[PDB]
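Student: Submitted below is the structure of interest, expressed as structure tokens.
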Amino acid sequence: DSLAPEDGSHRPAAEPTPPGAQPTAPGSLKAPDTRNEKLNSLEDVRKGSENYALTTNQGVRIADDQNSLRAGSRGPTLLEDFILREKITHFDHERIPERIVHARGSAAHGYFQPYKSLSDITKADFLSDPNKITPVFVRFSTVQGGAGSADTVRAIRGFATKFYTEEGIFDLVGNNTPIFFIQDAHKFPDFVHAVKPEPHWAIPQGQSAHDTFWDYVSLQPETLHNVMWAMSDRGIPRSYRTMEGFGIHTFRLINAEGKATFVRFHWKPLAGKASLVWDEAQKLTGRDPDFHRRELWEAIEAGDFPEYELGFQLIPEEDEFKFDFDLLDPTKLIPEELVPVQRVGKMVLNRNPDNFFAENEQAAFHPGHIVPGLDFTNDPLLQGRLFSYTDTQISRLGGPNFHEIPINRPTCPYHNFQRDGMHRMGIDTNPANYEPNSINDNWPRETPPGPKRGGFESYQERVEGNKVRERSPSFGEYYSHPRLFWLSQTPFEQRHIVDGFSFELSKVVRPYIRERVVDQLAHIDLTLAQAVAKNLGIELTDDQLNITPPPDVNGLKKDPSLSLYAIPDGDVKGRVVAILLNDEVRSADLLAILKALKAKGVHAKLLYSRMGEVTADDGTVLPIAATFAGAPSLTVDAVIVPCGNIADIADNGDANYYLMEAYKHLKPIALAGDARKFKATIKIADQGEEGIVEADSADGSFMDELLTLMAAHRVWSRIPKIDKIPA
Amino acid sequence: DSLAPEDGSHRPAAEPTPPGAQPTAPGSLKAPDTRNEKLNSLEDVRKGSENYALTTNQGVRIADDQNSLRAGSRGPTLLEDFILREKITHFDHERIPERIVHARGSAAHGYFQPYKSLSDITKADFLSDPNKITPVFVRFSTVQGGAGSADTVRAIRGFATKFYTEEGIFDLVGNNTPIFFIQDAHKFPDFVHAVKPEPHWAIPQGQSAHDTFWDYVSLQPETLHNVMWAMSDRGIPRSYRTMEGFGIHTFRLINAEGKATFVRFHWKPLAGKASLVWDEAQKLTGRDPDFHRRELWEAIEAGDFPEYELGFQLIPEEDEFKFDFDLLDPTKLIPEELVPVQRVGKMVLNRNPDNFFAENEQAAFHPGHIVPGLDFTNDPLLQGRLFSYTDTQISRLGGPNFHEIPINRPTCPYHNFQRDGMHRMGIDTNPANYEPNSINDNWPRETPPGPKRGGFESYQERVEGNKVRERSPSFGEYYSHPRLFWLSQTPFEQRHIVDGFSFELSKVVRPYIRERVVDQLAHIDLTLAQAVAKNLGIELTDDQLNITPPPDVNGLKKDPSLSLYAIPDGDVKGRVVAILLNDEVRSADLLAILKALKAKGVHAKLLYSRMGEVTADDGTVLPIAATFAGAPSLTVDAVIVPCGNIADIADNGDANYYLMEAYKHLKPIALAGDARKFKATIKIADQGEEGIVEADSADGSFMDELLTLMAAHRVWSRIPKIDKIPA
Amino acid sequence: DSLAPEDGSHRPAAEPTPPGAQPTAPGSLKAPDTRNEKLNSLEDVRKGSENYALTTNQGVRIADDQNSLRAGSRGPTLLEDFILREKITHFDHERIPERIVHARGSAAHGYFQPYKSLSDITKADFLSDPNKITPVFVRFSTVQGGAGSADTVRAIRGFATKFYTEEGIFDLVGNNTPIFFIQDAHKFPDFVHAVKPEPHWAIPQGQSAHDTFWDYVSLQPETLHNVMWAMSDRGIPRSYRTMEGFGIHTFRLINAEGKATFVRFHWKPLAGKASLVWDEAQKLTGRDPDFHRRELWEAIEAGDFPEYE
Amino acid sequence: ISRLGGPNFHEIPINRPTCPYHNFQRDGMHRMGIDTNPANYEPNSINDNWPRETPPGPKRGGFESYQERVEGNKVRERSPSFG
Ligand code: HEM
Ligand code: HEM
Ligand code: HEM
């Protein structure tokens, strides 16, 4: 019609902009100049809209898209309206089956680059040269919930990366914890069914806080290690950018000389590790179920590209049996204290998709999609995975041609004798559809293995034993890893774990299941067990109190790399601050606050009791981002309150409650001049308290003190103080 | 490698060659320079093969494509063989559901052009200028059989044209007879179930000759008009090049002024009309089930392009009710004597597909795919068709995005708010997915209907009546068109129809059904009825002999345009002759023979009792294409026997049968010199017989006779003599 | 209505009758006293029709099944004609993808019984006792052609038997020749693409007589053994009743003591071995493309039950 | 048809009618119902046209649409009264 505003305000700028500054938009409109090979190769399917006639799928233009065709303007709809029928028909068939697991996820385009050639240890083309850039598509996710469940639930997160190499797609389909729950793939449906919503009533969505999960866990002690990790703050990450990623399984690197090295893949978050606290995460699933998704998208639109360092734990073939645990057991981790992570490369995510359904929804990642230079191992969990991803995608994606769906296509050439199938796009001209053939001179042809561009040959591992359905006795050890994890945690981390098991176990209706988990915890650590028992009104028996603790892991009593916070890796860029306005802000405070934040790449959100504008003491007009209720403290990392007419919000329940929720969830809080009248709301001494920045104005050290607090993430020392506080 | 022959004889020349002279090939390899807009736009999806590596669909080069991965070379196959599984999965999912009806069909690419601008009568853009060339994709088919059934069955044939216009796809989905079997789409499942394979045991394939087909016919006399056509030689075409096409229904043309004109669409074969004879057709279903498909492919490879003229029967809106049948009645034809066909354009089929599955199996035609300039009518069968083709495509082609399947894609722009669906290819960047929207300035936008490039608007036909499930009383007349068709046939076409009914009803097991059908014939024509009753050994009753024939149609007692043969229109270009060889052929007969065939564009096939070669009297080495049994007379249009050493083949029972068969099927036979010894095998008098060319040698006179006869197609005066030929 | 004839000649006698004497019928109307455990458990899904009202699939009775709902009897069909849309919808979605290979086939119900207990060599319950009868379902087929292809082509024939045993279904999926064309499963798509219709034009239907098949055969000498059989009269059986059947592979028999015995499975036609001649066979693809399916259906209807040892 | 994979969604247990349902529709993906009727079309003589149509009537009658009068031109238009 010509419905946009004449000021062109309906359209976000094609330049990096801070979160909330502009309406968010499709990747290619938001950042047209951010390219990569894969992004360029999708131009054949991108479709514009501006200046084009509205049409049917057959290209016939539509005159009236507001009405069905009827016999009289008040008459019956006619079957002949083919415009209405194609339109409703496409609408009626929009949905596809969501992923069996990892239905909820958020994705983005990016690129990867190795620091140096790894040719000595792997002939994988994407790792052979530091100037070799490989496009990537990454999808982060939760395990249990459907596609419409919440982001900040407690859960293990999925971390899958599609590498569009020159010698094939390589998918690294990992999680954000270094182990999995089960050992053998045959039990996946059992474990997954136990964690998913119970079969009679489909409750609860996106949560393990229910009977079947803990029932399973309590009868399968192999699960404890990963359960420890999910029960910790690892299970509620601050963002997909602030968690670690792992392949979990031991795989093989094969070099040109044919030598196999055992490898465990890792991703290190260059923004560091940071997690929410439980009450915040649970509230955030309600106030904004799309928090991670939104944050990922906005970090990319703001230029805060999520960056990760690919790392490798490398173990020589000769050291296979040198640990107390089996290298092929997925419920066991390789302590970095024993086997360090070697820095391999950097992955940068710098552009959102155009259409979520087309790119994110249909992305198909598979762990068996490896390339020459990599190989598998006999890890029994991995072994079954190679069966499952290929299988599930014939029904999710409607057929065997899911590789022709734009996001999934190789950027490298692909030729073979495979034909037909639903949705076939490629029109093969080869006179032959079989080999060996003479009619096309046998093309395309097999290709011998070699140092570069050769065919895929599996490493000749010796295989020996009888056909058996048997767990390896080396896998029958379930408690030392959980114990190692436990002892590597800070005290406040240990308390949060205790609190996760406690909350969780309290949602289990059948008491005996709770007791059974407590007994299992007593096999790991008595202090953990007791603390959780106590929260559940359970007493340990004299026998539980004497269970002998599991042995150290290869002599290790703790590995600080297992903690989120024991070793400071804080990084403020991309974090966000809430600024609580009033109707006459000391503009001097605001300029100081704002400039200091921007200097460190920390965003702000101007908040108030209504939308619109307020005018500072000097006449500066301040645009309001959202209300105290509309953009709660759960969505920010810190809260700053500038002086002015504090009496304007001093008695505002929402303004006060904002501070209480923020204080409760250990976020740094800064009160300027009269804003200190809010000290009484959170019971802050006259003298002060670590974690609360206060001054007569937002000058001098005020923002630096506040920014040092943001660097340590949360004010852990405040925990005991929050114990009470009614919020 | 190098498996191909060093001589390069595995590869067909990329130049037009006669049927059987080269191996057939994918169209773009056979005629890389035959181009059209649609063909060039499929180049984004065409895939080569020569000089490429064999890879997985993920682009991973395969080293060994001869073996699965196993533990030991006599060991068990390993689940980690992702290369085997990908290849077997794709293979396992190759098939899609064939079309419910018209499953068996053959298709080629071509182009269309009008003879002149038709803007006085229609604003359809493809009809607006003689220089507007429109790419087409045509699919010819049978109705009843599966995708695997025979081409030369007795059946109605489909003739479907997809026009890729600049204002959208228009699909003209017609058949080879001017009417359909039934009146209301509600009975289509009933009719179709009656003719398809009976349900208990799924017999018979591709045949109407069974109990349920004739039970339905006998109880639903609206079907008799299409049945008369099916039982004539119209039901057994020589080729898809030599049959007519019809849209069947009355549609509308809409001009720039908005005046509506009633039109019935027609395809006139420029090769002319020709059909087989029942016994030849039926025997051809066993010797070459792919006969028509082959014939179409090879006509195109030889440069014998199937050409059809598009014709319109135009009726003014005011003459809606001037006939004695209802224009909306699909079981009624508009006699060309009443309303002549206006020659409007020509379609040329000039290129085979590259991959049958990709382009022919997945093509989706729909009668409802119309463009501004055309509209529907209330024809109750067409109204139901508008619903079905859209609906069936969702399962056949797996989703609502079948228009993104390359062969189906419009070549003109297409933009709307439709999103998702299984296998979405298009990646929409539009910020909006709804209209009206302000966020993308309401684009894509509606376009008012107009003279050119306008949006679609239905002709504003007045609708008046009550909501009723009721047949219009004007449709209740079932014998006059059938009779009109019967009186318009030559005496031998009449005879073939009688034999078509007799043979078919002879296969109906319940004798009461045959009697009921015969009662129906008595209402059409008593001569027809008795001749059919006589072969079933049924006696017409007194009452049935007095049934008063139906009235003429608008005073017509016959219309020659309804006969295949009444008016000479045959063309020899593209036909084929079998040349029966001997071990010492008179090389001067071959020379005169081949020179004249070549002058008319008639093809030849050199047959012998073994493959290899034979040497003429002169020393010319003559390559043999096939043996006598290998390329039966059924596959050729005429048989010529050159002189030489006739003793070599004069006792060959296959050679004798070759002539007995040709003879029985009314085919021209020419005997040179001593070849005249074969006359005793087909009991031809010493003085000769019309239909048989004989002479001392194969000079110019003899070949001119053979070519005159061939242009008359078959030797209809021979019918009476074949009775006494055991063949 | 009074649509059936008064003399009742539209209904086939529900007793054994020779080929062509009556119209053929669904097994349970033709032979209602024949039964087995598998036929009895299908009873819950079998649907009749005599004396019932014609309805939609939601159970609504239909008054007029001859017409669409329109605005005037010469008017446009309305979108609210839900009876027409359900019927056309069902019609529209009747087909499912044919079998990748062995799409052309004919089956029948029956029963199996061991001569004596084989518990010394196998603990398989269906062979544990001579009184133990196992209901079977058997589908015979060709390999190459589609579901609408001809029966008497030159082909290897499939012989699949589904054993509804008391300790699970056992499917014995074999062919009428003792070997297969190829050695490793990895080459299956290769071989099958070569035998199937060439990809450019989708010719020829149900025939190995074309270039790609022979190209393959010539480059893969391991195929020669099954080609030899296919080129013989084994490739054109007179009927499914006169062909042998083999499981092809070596499988194992496992007894209660845990002992393994190698085993090759065989089916012997109690009607003896018999085949057509090539010319007859190919002409029969033309005159009656459903000859084997019809012959099997009629043998059973006549009481000439196909028997296999 | 896509959500429930075919036209036999009425045979999925929760969706089935508890009253009689008999017609001539056959096949489709996941067909449960094994039809024994010799005929799969009507009118048919071989099953004496069963199952049969049933006239509209007060109870147990076939569906017949109310005969509403329809008068207007074929238009894509919003009634002015909905404005
Ligand atoms: C180390 C253990 C595992 C890890 C780290 C893992 C990781 C993942 C991730 C990250 C995804 C989501 C991919 C996306 O974003 O599209 C996923 C999906 C999936 N996983 Fe795994 N998984 C594991 C074990 C398994 C096992 C044992 C099985 C079954 C044998 C399995 C079957 C699946 C399936 C069927 C999907 C859906 C994939 C699709 O629809 O494309 N996973 N898994
Ligand atoms: C004038 C009478 C009819 C004619 C000339 C006609 C013509 C055709 C043709 C030529 C095809 C094959 C297109 C191709 O080559 O892919 C076809 C397919 C089909 N017809 Fe019709 N038809 C008629 C009546 C009907 C009716 C009354 C219905 C149902 C209401 C119907 C439903 C279909 C369906 C469902 C297909 C399959 C299409 C596909 O799967 O893509 N037809 N018809
Ligand atoms: C020992 C050689 C083989 C024999 C005797 C054999 C036998 C058969 C038979 C008799 C059928 C038809 C079953 C029916 O009547 O529905 C069939 C179908 C099939 N065969 Fe095999 N086959 C052989 C090799 C293979 C191989 C090597 C593969 C793949 C690696 C394969 C894959 C298939 C598939 C996918 C089907 C279709 C099954 C369905 O859709 O239900 N066959 N085979």
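Count begins at 1; order follows the chain as displayed.
According to its header, this structure was worked out by X-ray crystallography, 2.4 Å.
Even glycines carry a Cβ here, placed using N, Cα and C.
The active site feature in Swiss-Prot is assigned to A:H102, A:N175; the stated evidence is sequence analysis. Per Swiss-Prot, heme binding site is recorded for A:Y389. The region 'Disordered' annotation in Swiss-Prot covers A:433-467.
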Student: Rounded to a whole number, how many Å is the Cα of A:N175 (active site) away from the Cα of A:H102 (active site)?
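Tutor: Here the two Cα atoms are 11 Å apart.
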Student: Using a Cβ-Cβ cut-off under 8 angstroms and a sequence gap of six or more, which residues of the chain neighbour the residue listed as 'heme binding site'?
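Tutor: A:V173, A:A364, A:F365, A:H366, A:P367, A:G368 - these are the non-local Cβ neighbours of the residue listed as 'heme binding site', listed in sequence order.
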Student: Taking the Cβ of A:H102 (active site) as reference, which residues of that chain separated by at least 6 in sequence fall under 8 Å from it?
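Tutor: Counting only residues 6 or more apart in sequence, the Cβ neighbours of A:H102 (active site) under 8 Å are A:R139, A:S141, A:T142, A:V143, A:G158, A:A160.
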Student: Quick check on the region 'Disordered' (A:433-467): DSSP residue counts for helix, strand, coil, in that order please.
Tutor: 0 helix, 2 strand, 33 coil
Student: Per DSSP, to which secondary structure element type does the residue listed as 'heme binding site' belong, with helix, strand and coil as the options?
Tutor: helix
Student: What number of additional C-beta atoms lies within 10 angstroms of the C-beta atom of A:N175 (active site)?
Tutor: 23
